[PDB]
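Asks:
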Amino acid sequence: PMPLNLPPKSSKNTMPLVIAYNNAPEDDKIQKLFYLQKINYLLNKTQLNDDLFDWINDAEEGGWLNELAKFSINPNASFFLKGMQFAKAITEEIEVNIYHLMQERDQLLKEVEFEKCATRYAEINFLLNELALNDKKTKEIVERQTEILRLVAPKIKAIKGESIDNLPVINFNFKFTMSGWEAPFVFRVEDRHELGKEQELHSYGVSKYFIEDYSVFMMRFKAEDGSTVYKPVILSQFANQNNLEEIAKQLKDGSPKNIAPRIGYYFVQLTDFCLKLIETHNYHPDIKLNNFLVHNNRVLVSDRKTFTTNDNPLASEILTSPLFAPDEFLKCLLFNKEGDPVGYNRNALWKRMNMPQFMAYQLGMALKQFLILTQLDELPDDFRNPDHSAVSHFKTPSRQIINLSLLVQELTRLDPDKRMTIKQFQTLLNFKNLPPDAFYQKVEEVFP
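Numbering (the working numbering), first residue to last: 720 to 1167.
What follows is the structure, given as structure tokens:
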């Protein structure tokens, strides 16, 4: 059986993995699959060149794509689905947390050779395939994503074969509708040169708040410097669901008995997103109601283009929304005659933001905006001012609205180091029913 062609000498980081794949015994399919998955893992965090791009697109015998086809692994599958296709092929040759499993497998693919982990590797992939077979949610995701990947395959082929001059030069995206699907589908180009960060994110539990991506592949584009560059192209369904700002406005014209329980439901999820993103050393600098949607009673972040890995960035290194921005960020901006931030002043070159206290403020301002849109048609002119609290706008306010309004004030204190943390907000969210003074006692206990 013809071996796998060695990677090009111009880009030979996968050389040891290819040699290990070829030296594995032909009937040792699990070791074949393990080094196939290691190559893919390293390819996903590799900047491509013309010679390596040719190598990953060789479907002739001895080519990378022919090795994948032997195990029904789709080179255009999403990070989640491609891992699951690996888990089924490995299982054929043989109560748990899927994100722990994916993280454990990724650590092996990152740094470990097959010698030191062969049986645990197959154990992980068996458990992953078990979830694909018995967990209703995982089974639905695999079935739906296999359906979409098959039916969009002509579109993937067409865009991959499109002339490079008909593509954009380096928020680029391509929209198309499919008969039978209401929401259109979108191909988008990412800003990063590789998928290393995307590959890691989908092994973390914060990806359950991500809009589902269906296909990932690299493509050649003309760059702004005249050269040709390779960028990731990711497919998803256009997100036409209501955002949280639209939902708050819906709750004003509904029964007031649903307001307090619906806020807790959405903000339990929003808080868990914030903390789980911080667990991966990532930060969302543009936290606001209209950047989150609800899809089948799940909160999803609208996009991840603004995520940052830096917990102490300069003002000029994060994109945010000034209306919901803390004062430490506003003091770094230069303003218009209309009152619009026009640019930066000298402060922005050295003044830094503490991201977890930045997110605490913006999460608290999203709660303030959610509470107010439940009572008023539009936000008041002085909505930023902590004098004008949220209960302020209520007439005969509920006990829950009193406790939630207090949490808003504790999350938006002018001094970042005096703000409540999202972790504390999570704990005290589960006590919004207790009477006002009793809620004040619990607040003092959790946040002295």
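Built from N, CA and C at the ideal position, the CB exists for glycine as well.
Could one say the Cβ of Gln-1143 lies closer than 8 Å to chain B's Cβ atoms, at least one of them?
Replies: In summary, chain B is missing from the structure at hand, where a single protein chain is found.
Asks: Would you mind sorting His-1000 into buried or exposed? The rule is 16 or more other CB atoms within 10 Å of its CB.
Replies: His-1000 comes out exposed.
Asks: Let me check one thing: in DSSP terms, what residues is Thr-1027 bridge-paired to?
Replies: In DSSP, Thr-1027 forms a bridge with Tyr-1002.
Asks: Mind checking who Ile-953 pairs with in its DSSP beta bridge?
Replies: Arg-907, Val-935, per the DSSP bridge assignment.
Asks: Along the chain, where does the beta strand (DSSP E) containing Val-1061 start, and where does it finish?
Replies: Segment 1060-1063, the beta strand (DSSP E) holding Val-1061.
Asks: Quick one: what does DSSP say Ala-851 is sitting in, helix, strand or coil?
Replies: Correct three-state label for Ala-851: helix.
Asks: I'd like the list of long-range same chain contacts for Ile-953, defined as Cβ closer than 6 Å, with 5 residues on each side in sequence excluded.
Replies: Correct list, in chain order: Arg-907, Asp-932, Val-935.
Asks: Let me know the secondary structure DSSP gives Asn-962 once reduced to three states.
Replies: Strand.
Asks: DSSP three-state call for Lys-894: helix, strand or coil?
Replies: Reduced to three states, the DSSP call for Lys-894 is strand.
Asks: Can at least three beta-carbon pairs, one atom from the segment 840-848 and one from the segment 800-813, be found at a separation below 8 Å?
Replies: At 8 Å Cβ cutoff, the stretches touch.
Asks: Tell me, please, which residues DSSP counts as bridged to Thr-947.
Replies: Answer is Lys-941, bridged to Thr-947.
Asks: Three or more C-beta pairs under 8 Å: does that hold for the segment 983-1001 against the segment 1143-1154?
Replies: The answer is yes - the segment 1143-1154 touches the segment 983-1001, with three or more Cβ pairs under 8 Å.
Asks: Grab me the residues of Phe-833's own chain with a C-beta within less than 8 Å of its C-beta, minus the 5 sequence neighbours each way, in chain order.
Replies: Correct list, in chain order: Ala-739, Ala-743, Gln-750, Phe-753, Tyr-754, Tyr-840.
Asks: Mind the definition here: the segment 920-932 touches the segment 962-981 only if three or more C-beta pairs lie below 8 Å; say whether that holds.
Replies: Output reads no: the segment 962-981 does not touch the segment 920-932.
Asks: With DSSP as the reference, label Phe-753 as helix, strand or coil.
Replies: Helix.
Asks: Does DSSP classify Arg-981 as helix, strand or coil?
Replies: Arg-981 falls in the helix class under three-state DSSP.
Asks: If you draw a straight line from the C-alpha of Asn-1010 to the C-alpha of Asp-747, how long is it?
Replies: Approximately 48 Å between the Cα atoms of the pair.
Asks: What are the uninterrupted segments assigned as alpha helix (DSSP H) that are 4 or more residues long and contained completely in the segment 1093-1154, given in chain order?
Replies: Fully enclosed alpha helix (DSSP H) runs of 4 or longer: 1118-1130, 1141-1148.
Asks: DSSP on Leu-1068, reduced to helix/strand/coil?
Replies: The answer is helix: DSSP assigns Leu-1068 an H, G or I state.
Asks: Under the rule that 16 or more other beta-carbon atoms within 10 Å means buried, what is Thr-1039, buried or exposed?
Replies: It is buried - the Cβ of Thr-1039 has at least 16 other Cβ atoms within 10 Å.
Asks: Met-937: which of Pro-1135, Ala-796, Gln-956, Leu-994 sits nearest, CA to CA?
Replies: Minimum Cα distance to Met-937 is reached at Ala-796.
Asks: For the beta strand (DSSP E) holding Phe-1166, just list the boundary residues, first then last.
Replies: Counting along the chain, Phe-1166 falls outside any beta strand (DSSP E), and DSSP gives it neither H nor E.
Asks: Given a cut-off of 8 Å, decide if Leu-1008 and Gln-960 are closer than it, judged by their beta-carbon atoms.
Replies: No.
Asks: Would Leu-963 pass as a contact of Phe-1089 if the rule is Cβ separation under 8 Å?
Replies: It is a contact, given that the beta carbons lie within the stated cut-off.
Asks: Quick one: Cα of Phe-893 to Cα of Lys-950, how far?
Replies: The straight-line gap from Cα to Cα measures roughly 14 Å.
Asks: Tell me which residue opens and which closes the alpha helix (DSSP H) that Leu-1038 is part of.
Replies: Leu-1038 -> no alpha helix (DSSP H), and no H or E assigned at all.
Asks: In chain order, what residues of the same chain have a beta carbon less than 8 Å from the beta carbon of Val-871, not counting five sequence neighbours either side?
Replies: So the list reads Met-897, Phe-904, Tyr-933, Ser-934, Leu-954, once near-sequence residues are dropped.
Asks: Where does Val-831 fall in DSSP's three states?
Replies: Correct three-state label for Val-831: coil.
Asks: Check whether the Cβ atoms of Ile-1120 and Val-1110 lie closer than 8 Å to each other.
Replies: Yes, these two residues count as a Cβ contact at 8 Å.
Asks: Among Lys-858, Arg-981, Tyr-818, whose alpha-carbon lies nearest the alpha-carbon of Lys-927?
Replies: Checked all of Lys-858, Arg-981, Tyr-818; the closest Cα to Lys-927 is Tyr-818.
Asks: Just the Cα atoms here: how many angstroms apart are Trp-900 and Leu-1019?
Replies: Whole-angstrom Cα-Cα distance: 20 Å.
Asks: What does DSSP give as the partner residues of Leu-1053 in its beta bridges?
Replies: Beta-bridge pairing links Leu-1053 to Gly-1062.
Asks: Less than 8 Å between the beta carbons of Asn-763 and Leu-886, yes or no?
Replies: Not closer than 8 Å, so no.
Asks: Mind checking which residues open and close the beta strand (DSSP E) that includes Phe-1011?
Replies: From DSSP, the beta strand (DSSP E) with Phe-1011 extends over 1011-1013.
Asks: Please list the terminal residues of the continuous alpha helix (DSSP H) segment that includes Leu-1019.
Replies: Per DSSP, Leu-1019 belongs to no alpha helix (DSSP H); it is in the beta strand (DSSP E), 1018-1020.
Asks: Here's a check: name, in chain order, each residue in its chain whose Cβ is nearer than 7 Å to the Cβ of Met-803, leaving out the five neighbours to either side.
Replies: For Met-803, where only same-chain residues beyond five positions count, the Cβ hits under 7 Å are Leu-847, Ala-851, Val-861.
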